[PDB]
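Have a look at the structure below before the remarks.
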Amino acid sequence: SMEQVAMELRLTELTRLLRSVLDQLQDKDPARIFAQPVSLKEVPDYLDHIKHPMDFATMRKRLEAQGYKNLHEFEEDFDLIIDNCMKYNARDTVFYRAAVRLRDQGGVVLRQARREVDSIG
């Protein structure tokens, strides 16, 4: 149908906007702490602690398969990255602190992304 095509075009455009959001958020992680999944070879107890691991590569795979239907889904994954890290690592660690900084800096990007998603529809 023509309606299915129009819905598909909306999703493609949301994907484009979320790709630019993802890039902007990942630049706030210049240490690349959150770039890849926590290695289960290197942290073998991880899944005993963190039930839904997340990282930027995994989000990028979902994004490129158009697997985010709305901004809320995407934000959920971003918050996982932060929240996972702030539980596994203590306050006095470079990892915890990288998360706090990513959260605070990413808030600004996400606030305008929400306005753009609503505005453009």
Side-chain angles (χ1 to χ4, degrees), residues 1-2 4-6 8 11-15 17-40 42-60 62-68 70-110 112-119 121:
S1 74
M2 198 39 239
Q4 288 295 313
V5 166
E8 294 165 351
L11 178 62
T12 294
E13 287 305 295
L14 173 67
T15 303
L17 175 160
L18 295 184
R19 186 178 306 115
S20 168
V21 175
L22 184 64
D23 292 338
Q24 285 178 70
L25 291 172
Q26 184 152 28
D27 289 336
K28 310 313 183 157
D29 173 33
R32 301 194 67 86
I33 290 163
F34 308 108
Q36 292 293 328
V38 172
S39 169
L40 302 171
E42 301 171 358
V43 187
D45 73 357
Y46 196 63
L47 298 187
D48 293 341
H49 291 266
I50 298 305
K51 299 294 170 184
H52 296 100
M54 191 52 49
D55 70 273
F56 288 126
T58 298
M59 289 190 66
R60 196 172 293 280
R62 181 161 169 193
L63 181 64
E64 287 314 330
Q66 301 193 342
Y68 298 111
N70 55 55
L71 182 59
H72 181 72
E73 291 188 345
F74 176 99
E75 288 172 319
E76 285 202 327
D77 270 359
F78 179 69
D79 283 340
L80 274 174
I81 290 174
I82 302 314
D83 293 340
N84 287 346
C85 183
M86 295 176 69
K87 295 173 182 81
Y88 189 84
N89 304 105
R91 228 161 12 254
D92 72 327
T93 64
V94 64
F95 306 105
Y96 186 118
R97 291 164 172 279
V100 166
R101 288 162 67 81
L102 179 57
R103 193 196 59 188
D104 290 348
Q105 294 199 286
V108 180
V109 174
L110 289 168
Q112 196 53 43
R114 160 58 60 210
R115 296 193 62 88
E116 287 175 353
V117 166
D118 296 353
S119 191

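Below, all heavy atoms of this structure are taken into account, side chains as well, without hydrogens, waters or symmetry copies. Residue numbers run from 1 in the order of the sequence given.
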Before you tell me yes or no, could you show the steps for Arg19 and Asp23 under salt bridge (charged side-chain N to carboxylate O under 4.0 Å, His left out), namely the whole-Å CA-CA distance, both residues' side-chain angles and the distance that decides it to 0.1 Å?
CA-CA 6 Å; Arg19 186 178 306 115; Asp23 292 338; over 6 Å; no
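- In this structure the side chain of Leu17 never reaches within 4.5 angstrom of the side chain of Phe74, judged on heavy atoms.
- Under the rule for a side-chain hydrogen bond (donor to acceptor under 3.5 Å, both in side chains), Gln36 has no partner lying at least two apart in sequence or in another chain.
- Of the inter-residue distances, the one linking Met86 atom CE with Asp79 atom CG reads 11.0 Å to the nearest 0.5 angstrom.
- Side chains of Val38 and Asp55 form no contact here, defined as non-hydrogen atoms less than 4.5 Å apart.
- Counting heavy atoms from C-beta outward, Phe78 and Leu22 have side chains that stay 4.5 Å or more apart.
- Rounded to the nearest 0.5 Å, atoms CG (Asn84) and CG (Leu80) are 5.0 Å apart.
- Contact annotation: the side chain of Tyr88 never approaches that of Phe95 to less than 4.5 Å [non-hydrogen atoms, C-beta and beyond].
- Pairs engaging residues 83-105 under the salt bridge (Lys or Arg N to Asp or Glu O under 4.0 Å) rule: none recorded [sequence neighbours left out].
- Of all non-hydrogen atoms in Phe34 and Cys85, the two that sit nearest each other are CE2-SG, 3.6 Å.
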Distance-only check: which donor-acceptor pairs under 3.5 Å involve side-chain atoms of residues 47-54, not counting sequence neighbours?
from  : atom 1 : to    : atom 2 : distance (Å)
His49 : NE2    : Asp45 : OD2    : 3.3
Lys51 : NZ     : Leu47 : O      : 3.2

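- In this structure, the side-chain hydrogen bond (donor to acceptor under 3.5 Å, both in side chains) partners of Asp77, at least two apart in sequence or on a different chain, are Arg62, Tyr68.
- Nearest heavy atom pair, residue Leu63 against residue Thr15, reads O-CG2, 3.3 Å.
- Two residues are said to be in side-chain contact when any heavy atoms from C-beta on lie closer than 4.5 Å; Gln26 and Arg60 meet this criterion.
- Of all non-hydrogen atoms in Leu71 and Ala113, the two that sit nearest each other are CD2-C, 4.1 Å.
- Considering CD of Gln24 and CD of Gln112, their distance stands at 10.0 Å, rounded to 0.5 Å.
- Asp29 meets the salt bridge (charged side-chain N to carboxylate O under 4.0 Å, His left out) test with no other residue; sequence neighbours excluded.
- Between the side chain of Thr12 and the backbone N or O of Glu8 there is at least one donor-acceptor pair closer than 3.5 Å.
- Going from atom CG of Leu110 over to atom CD of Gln105 covers 12.0 Å, rounded to the nearest 0.5 Å.
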